[PDB]
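Here the Cβ is made from the backbone with ideal geometry for all residues, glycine too, and neighbour counts use every protein chain on show. Please treat every number below as a calculation from the coordinates, not as lab data.
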């Protein structure tokens, strides 16, 4: 799986994380380990780390 869906809204608090809305679709190439994964929003075009407990497969 390389495309995920946001289950909850999240608002960035730093330069390295990514704000997204529930239902946004996110390309995540490495979901192997970590509580934070690098994501690219297909829905909006922005990029950054997201909390792994906030997404589902898409």
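Here is how the numbers come out for the structure above:
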{"read-out": "Order by protection proxy (mean Cβ within 10 Å, highest first), peptides 49-55, 32-38", "value": "49-55, 32-38"}
{"read-out": "Burial ordering of 15, 46, fewest other beta-carbon atoms within 10 Å first", "value": "15, 46"}
{"read-out": "Separation in nanometres of the label points that stand 7 Å from Cα toward Cβ, at residue 43 and residue 56", "value": "1.2 nm"}
{"read-out": "Residue-span extension gain [residue 32 to residue 19] - 0.36 nm each, minus C-alpha spacing", "value": "2.5 nm"}
{"read-out": "Computed P(r) (all Cα pairs; the chain; 10 Å bins; percent)", "value": "27, 65, 8"}
